[PDB]
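Just below is one structure, and these are the notes that go with it.
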Amino acid sequence: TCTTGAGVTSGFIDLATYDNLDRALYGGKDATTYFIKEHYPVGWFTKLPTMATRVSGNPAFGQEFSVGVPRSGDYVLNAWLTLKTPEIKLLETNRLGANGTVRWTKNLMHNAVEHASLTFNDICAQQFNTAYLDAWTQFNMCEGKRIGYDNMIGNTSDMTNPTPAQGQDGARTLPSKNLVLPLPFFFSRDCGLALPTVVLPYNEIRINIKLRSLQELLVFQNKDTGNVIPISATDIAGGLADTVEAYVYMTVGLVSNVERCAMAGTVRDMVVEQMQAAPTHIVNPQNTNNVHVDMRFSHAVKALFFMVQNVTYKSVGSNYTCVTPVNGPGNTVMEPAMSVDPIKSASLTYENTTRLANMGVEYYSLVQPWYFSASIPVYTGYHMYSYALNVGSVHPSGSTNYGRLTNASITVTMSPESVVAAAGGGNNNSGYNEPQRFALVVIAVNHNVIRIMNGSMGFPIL
Amino acid sequence: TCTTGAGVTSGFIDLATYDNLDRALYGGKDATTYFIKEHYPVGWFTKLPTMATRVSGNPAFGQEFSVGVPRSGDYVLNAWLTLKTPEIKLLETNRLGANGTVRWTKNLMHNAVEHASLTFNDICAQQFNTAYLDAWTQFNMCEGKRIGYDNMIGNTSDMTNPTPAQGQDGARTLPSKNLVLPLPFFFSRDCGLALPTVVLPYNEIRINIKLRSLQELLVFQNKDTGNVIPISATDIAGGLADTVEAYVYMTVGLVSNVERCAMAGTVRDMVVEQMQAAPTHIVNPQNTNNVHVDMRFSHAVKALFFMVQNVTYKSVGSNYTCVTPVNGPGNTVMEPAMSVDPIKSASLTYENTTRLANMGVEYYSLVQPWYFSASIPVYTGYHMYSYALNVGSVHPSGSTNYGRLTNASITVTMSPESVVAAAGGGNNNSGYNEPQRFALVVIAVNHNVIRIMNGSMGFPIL
Amino acid sequence: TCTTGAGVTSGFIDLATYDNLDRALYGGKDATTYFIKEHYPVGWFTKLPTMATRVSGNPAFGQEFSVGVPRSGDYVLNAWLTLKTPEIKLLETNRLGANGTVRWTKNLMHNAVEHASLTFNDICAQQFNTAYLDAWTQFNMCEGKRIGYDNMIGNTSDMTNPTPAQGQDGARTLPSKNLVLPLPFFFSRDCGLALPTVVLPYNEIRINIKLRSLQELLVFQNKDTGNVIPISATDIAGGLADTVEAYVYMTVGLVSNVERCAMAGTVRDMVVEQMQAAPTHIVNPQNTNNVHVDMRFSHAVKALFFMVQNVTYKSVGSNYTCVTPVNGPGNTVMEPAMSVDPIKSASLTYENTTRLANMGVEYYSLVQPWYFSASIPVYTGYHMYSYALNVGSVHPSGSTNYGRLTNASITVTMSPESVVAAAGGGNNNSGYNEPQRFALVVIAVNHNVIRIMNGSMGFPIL
Amino acid sequence: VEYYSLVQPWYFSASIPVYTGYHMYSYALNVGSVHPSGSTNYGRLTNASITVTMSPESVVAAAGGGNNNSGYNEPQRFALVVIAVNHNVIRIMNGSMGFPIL
Amino acid sequence: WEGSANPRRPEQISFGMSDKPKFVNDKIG
């Protein structure tokens, strides 16, 4: 007929095509309709940040300090550590001379923070460290916040850039800017899980953070031969700032008086997710290529994370590649050409019964995250296997109990790149100039039940 | 036993591993199961785009034009504006001579669109402008669509790349491609929230958009000293054209006869979100570094966004850094040596009772978006504080109304970089060669209630 | 009147601000509350990967092969294919001589996998090909997994980087690494949809895959003039390996025996999404500037995806731009400056009644994906229209069936760039050196109903 | 200024300051008396302001130009400080303390 | 203007311990 751009007579033709299939799909007296949103009232509350008072010593590199959780709140649901890094000034009297650069290690945060623990009175609840932090961040980070996260945890292409001596071309100094590390805890996992501070007047809530020595937090790299040696006080200007200054911030949530009176004086049961780290095992690809490690876990495991870490140098961390990074052109750091994950294949065995056969490393690397996660890692390593449909979902999903399960093992196979990197003899700026050593780490995430009654906490199932 | 590829006996032991914790978590007659999806029919409807009929004014730069909302549509749930940019070519008669370049301002869209208002009858239902648009698109932008948004709103390295004069090496001309700006309204925020135009036959729904003069849309940069002067019609070829091709497209969704007649003549209530912008304030870091600004808001505020914007040159906009951008080699705009947000710390005061202490700028920059937003900004500045758990959630969350609250204030501290850039003395290609002036802007997003009755709309609470 | 340590006074002040708006929004006896997550038990199950047993033929490039679905499982909800690419090494005896390079085609996966189908005995239910795979991947890609999916399909700066002859400066060879292609089916779309293998003891389920010859997968480019010629066995070493290592894996999920007996012998009703492709039409912009294509579909259409493919060379694929890619500096492929989508405008017609006017190409390119899609494409082309609010949502919504609809047509308009690039005349490394050819492809996604009863499946409507 | 400096302390305090500055004003007969005396509440009262006029000596000493051993050799800066002393009520019951009014 | 009212009453800080619950049915197996 006619078209004007503002008429809607065309939609009637589409509407008139109401056949049997459309009748089955849509329509009906009880059928809901769009363009109408049901509104239901929610609770009346208020949130605000809150200071956390330190109780054990003062922050310092290589030392452990404790902070109590502030009371007089109703629900605590956030926690983050803010730390002001010191200023680094390289000196001309370095042991490496002109061919020497100093730079911050990759992932400064998730480093210098190990055995971060939460305790009720004198009963430990959970703890985590660098491996769990790295795996969880690489596997369950929502896109869009990646820039913010890798700008707040370091990795800003400014602290990780090698800096030559004062007498060389690169005289830039590493800036001293504060960094923020959120602390992944069970109450911080979801809003529905919050610590009932009002309901818990007897248990004392404590957080224990152990820092790391500044010696292993700085990478001292040779520009030419690509060799790493530990840093010393005389190598940098101003000495080593052993003491560091930091805070712990948490967010509390106030609730209405009627709600608190109604909910005060009752028993509650909550489901939480913990961490279990298997003891590290040294792997030597020169002798053997197949390594079997026994796994000993207790509760319903939800996922298994593992990787092989280049443990040759303590200064460099979060290196899950057979070859260490080396200095590159333009005062930058770049990975050598031969830089691949040492793991080739893996399998799981339950009391001499392989539940999962010898699948390829690419399977765990890509296929499993594509289906049972919210993100895919952008770095080599971090091989995972999840028994659940959604790892990030706090609601329970498929899992296998390990308490009633007989002893099980995981078998891994090395790679020709790993076995050739284990032997030294690499040329300059190749990373594998010196012999390399590797270690195997296994992390497990399991469910648990916590009961709150009579103003106290505990694990009924242990 | 055997290890067959098609065998499923491996998981039977996992199934048999059933404990008390598994009994508490899974199992039960009433327990739901996966692999089964419930079915519920929905309404029968259709949608199609329509042109919006202009009723007042003409589309021209620097003027305000008004467009009515088409009737006869069951529901309206989407509106956007399309504008065809002109073609700009620099000549050899420019005042800057050979040392002059012309480029489009950063974020061409969200510019030339100010005080965009939706009104019913002669009552301003809501309105917004550049600051609100920038804050929303930097705080609630879903990743994956960021590239498309940047491609559609301009600033695609084809408009913001400086083009030298004809006699110089770069004789390229800025292309003329149509750009699209979606209009964030209370009907486009959510599918459920839509105007029942069939139920509203008396109100006259109107949209007013005021553009900006072309003088303050083109940046005229100096190649050597990086100075900015207002553009003139004589410098370009063809002159400045005030008229422009700008259309408004709105989406209408037709519904079935039974559902259009069932809900006719019924009282309805809806919840919407509105904007409140504090008056602009000029900050002078030379005199004092502390600035206190009062707030006068009425309804339940959900979030606040406070930024300081460089206002030295009216031609260039969306500059929240402390140093203006400068031209660089390769005919590309580059950030100067130093570019940091002037904000160092901020605090909230409630009638001489500091609710929020002197938190660092990095707190508002990173921690708040990480916890209570769907995205983290990738540009310096953009400081926010949210009273609600989720900013982007249309469903209401925790919020405090300012009507019953005594006057509140923001106390902010400047930065040494800001106070040193405020004075001149900068060298060429530094940005802060000329004295720098900044202005503080405060934005608040609040809730409101709209009642539909008797074929008319209004605010039951005003 | 203080703010020291833990602060609750500010929270009390905020909570005191209660008015009519707050009473209407929050509060109430029936109002829900946060910080309290309701717990409901779910079903007890387990899952594990399972090898799929080949029944017909051998996996080799250029023919058909089918794999049966393993029985004895309880639910099948995931399927993917693994394929190890061969090793390619250039020879000095190439026809092009020194000015000749060989590289893998862009998007190696989704290529050489055409007409991939799922067959129930001898009745087909779902079939997809390269165009549908590309459109779905570009329009429904969750962020964070984009890099992982890209690495799975190739494009890892090694497959797509041209390799010169051995005698030249660059003599690198293409590595041979396995790649994984997930299979998007109705049961793989959502967890709620899965094949009830226990309920289907008699039906036979097969997956049919057609491969393509390596001649159409390998691209042989000229270094200078940018011309592509078909490859021959004598050009490269090793020869054309017809056979290839490739397998199919699927994930099965066991369930508790308590519920399988209860659900045995029950009628199941499901909704599925299927794809249907209009026959391709050759488009010659030299003779005509507009193209009319008739659509003939059956069921409730969800969306239409259309794009014009550059089909000048069968060696190069997944190219939807008016100009073919050419070799660039730095031993890498670079897209020529003249690279735009040939389509300038598109429109729909219903029995000579224009439902959708001559909208711009940028509309379908950006605005429609922004409002009714989960992602925006990052490549030129892939225009789409959608009849529903959410394309990726499994639940049905707005859709018009074509069974009752009469003949419908689509009109597309070429571009001046397309009409000038259709003929040759381009110089070296310009893309349009040789005359170009174009084709138009249309893809429609529709719904259908699947009924399960008496251990068999059929189409109630058909 | 001499009013606040001398007259108010002479009548409503136990001492008079011996240093420059220290200007005060009390709504009560005795500043140091623990027992309540004349007072007004600012919670019900609307916004109040205090306005102070500077001095020619201050405006000439703010700039530099002073010679050696003059104190105002360098430019000078001043800040205004305001302190208020008020009353409140504390309730002790049930083994705890709090403000019934706050 | 009235200014409303909002008292602050801290809700108990106990220094004792009524009874310590024990752990039963360990997952050690």
Requested in this report: Go through (1) touching a strand residue (DSSP E or B) at 6+ places or on another chain (Cβ under 7 Å); (2) outside any helix (DSSP H, G or I); (3) among the hydroxyl-bearing types (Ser, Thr, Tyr) and name the single condition A:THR353 misses.
Outcome: (1)
Report summary line: Checking C:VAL311, C:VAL326 in turn, the sole residue that is touching a residue at least 12 places away in the same chain (Cβ under 8 Å) and farther than 20 Å from C:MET109 by Cα turns out to be C:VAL326
Query raised in the report: Filtering region A:250-265 down to residues that are more than 9 Å from chain C (Cβ to nearest Cβ) and surrounded by 19 or more Cβ atoms within 10 Å (Cβ to Cβ), which residue is farthest from A:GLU87 (Cα to Cα)?
Result: A:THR251
Query - Meets criteria (surrounded by 22 or more Cβ atoms within 10 Å (Cβ to Cβ), within 27 Å of the chain's Cα centre (by Cα), away from chain C (no Cβ under 14 Å) and farther than 21 Å from B:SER365 by Cα) for B:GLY426 - result: no
Requested in this report: Could you grab me the full set of residues in region A:366-391 that are outside any loop (DSSP other than H, G, I, E, B) and more than 8 Å from chain C (Cβ to nearest Cβ)?
Outcome: A:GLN368, A:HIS383, A:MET384, A:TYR385, A:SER386
Query raised in the report: Looking at (1) surrounded by fewer than 21 Cβ atoms within 10 Å (Cβ to Cβ); (2) touching a residue at least 24 places away in the same chain (Cβ under 8 Å), which is the one condition that is false for A:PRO369?
Result: (1)
Query raised in the report: Residues in region A:82-100: is at least one in a strand (DSSP E or B), crowded, with 16+ Cβ neighbours inside 10 Å and within 12 Å of another protein chain (Cβ to nearest Cβ)?
Result: yes
Query raised in the report: Conditions: (1) farther than 30 Å from C:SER375 by Cα; (2) touching a strand residue (DSSP E or B) at 6+ places or on another chain (Cβ under 6 Å). A:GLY100 meets all but one. Number of the miss?
Result: (2)
Requested in this report: Six or more apart or on different chains, Cβ under 9 Å: which pairs go from a residue in region A:131-157 that's within 17 Å of A:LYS106 (Cβ to Cβ) to one that's basic (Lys, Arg) and surrounded by 18 or more Cβ atoms within 10 Å (Cβ to Cβ)? Could you list them?
Outcome: A:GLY154/A:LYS106; A:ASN155/A:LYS106
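Residues are listed down the side, and each one gets a yes or a no for (1) outside any loop (DSSP other than H, G, I, E, B); (2) in contact (Cβ under 8 Å) with a residue 40 or more places away in the chain:
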{"residue": "C:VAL394", "(1), (2)": "no, yes"}
{"residue": "C:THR406", "(1), (2)": "no, yes"}
{"residue": "C:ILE410", "(1), (2)": "yes, yes"}
{"residue": "C:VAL420", "(1), (2)": "yes, no"}
{"residue": "C:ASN427", "(1), (2)": "no, no"}
{"residue": "C:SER430", "(1), (2)": "no, yes"}
{"residue": "C:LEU440", "(1), (2)": "yes, yes"}
{"residue": "C:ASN448", "(1), (2)": "yes, yes"}
{"residue": "C:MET457", "(1), (2)": "yes, yes"}
Query raised in the report: Would you say C:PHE220 is under 27 Å from C:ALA112 (Cβ atoms), among the aromatic types (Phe, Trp, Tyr), within 14 Å of chain B (Cβ to nearest Cβ) and out of contact with any helix residue (DSSP H, G or I) (no Cβ under 9 Å at 6 or more places or on another chain)?
Result: no
Report summary line: Reported set for region C:323-335 where residues are crowded, with 18+ Cβ neighbours inside 10 Å, not in a strand (DSSP E or B) and not β-branched (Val, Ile, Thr) is C:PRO325
Query raised in the report: If we scan region B:71-79, do we find a residue that is within 14 Å of chain A (Cβ to nearest Cβ), in a loop (DSSP other than H, G, I, E, B) and basic (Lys, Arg)?
Result: yes
Query - Whichever residue in region A:299-322 is assigned to a strand (DSSP E or B) and within 14 Å of chain E (Cβ to nearest Cβ) and, among such residues, is nearest to A:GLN368 (Cα to Cα) - result: A:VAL301
**Report entry** Among the candidates C:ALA112, C:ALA116, residue that is within 30 Å of C:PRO164 (Cα to Cα), among the small types (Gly, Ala, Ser) and in contact (Cβ under 8 Å) with a residue 24 or more places away in the chain
**Finding:** C:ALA112
**Report entry** Leading residue by the ranking (nearest to the chain's Cα centre (by Cα)) among those in region A:175-213 that are more than 29 Å from A:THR243 (Cα to Cα) and among the β-branched types (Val, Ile, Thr)
**Finding:** A:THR197
Report summary line: In region A:1-60, residues that are assigned to a loop (DSSP other than H, G, I, E, B), within 50 Å of the chain's Cα centre (by Cα) and either within 9 Å of chain B (Cβ to nearest Cβ) or buried (at least 17 other Cβ atoms within 10 Å of the Cβ) (or both) total 19
Report task. Would you tally the residues in region E:1-16 being surrounded by 11 or more Cβ atoms within 10 Å (Cβ to Cβ) and assigned to a loop (DSSP other than H, G, I, E, B)? Result -> 8
Query raised in the report: Would a scan of region A:1-17 turn up a residue that is acidic (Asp, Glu) and farther than 30 Å from B:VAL271 by Cβ?
Result: yes
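One line per residue, one yes/no per condition, for (1) more than 25 Å from C:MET270 (Cα to Cα); (2) surrounded by 20 or more Cβ atoms within 10 Å (Cβ to Cβ); (3) of a type in the set (A, V, I, L, M, F, W, C):
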{"position": "C:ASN352", "(1), (2), (3)": "yes, no, no"}
{"position": "C:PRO377", "(1), (2), (3)": "yes, yes, no"}
{"position": "C:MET384", "(1), (2), (3)": "yes, yes, yes"}
{"position": "C:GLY403", "(1), (2), (3)": "no, no, no"}
{"position": "C:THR406", "(1), (2), (3)": "yes, no, no"}
Report task. Hey, can you tell me all the residues within region B:243-296 that are part of a loop (DSSP other than H, G, I, E, B) and small (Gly, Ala, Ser)? Result -> B:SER256, B:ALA264, B:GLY265, B:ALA278
Query - Hits in region B:334-362 - residues which are facing chain A (nearest Cβ under 9 Å) and closer than 18 Å to B:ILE443 by Cβ - result: B:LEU356
Report summary line: The strands (runs of 3 or more DSSP E) lying entirely within region C:129-237 that contain at least 1 residues which are among the aromatic types (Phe, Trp, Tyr) are C:218-221
Requested in this report: Go through region B:386-399 and give me each residue that's closer than 19 Å to B:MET270 by Cα and not hydrophobic (A, V, I, L, M, F, W, C).
Outcome: B:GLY392, B:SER393, B:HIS395, B:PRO396, B:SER397, B:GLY398, B:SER399
Requested in this report: Would you mind telling me which numbered condition in (1) more than 22 Å from C:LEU77 (Cα to Cα); (2) surrounded by fewer than 17 Cβ atoms within 10 Å (Cβ to Cβ) C:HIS115 fails?
Outcome: (1)
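Any read-out appearing in this document is the output of simple, stated calculations on the displayed coordinates, not a laboratory observation. Don't worry about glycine lacking a Cβ; one is built from the backbone with ideal geometry, like all the others, and counts go over all protein chains shown.
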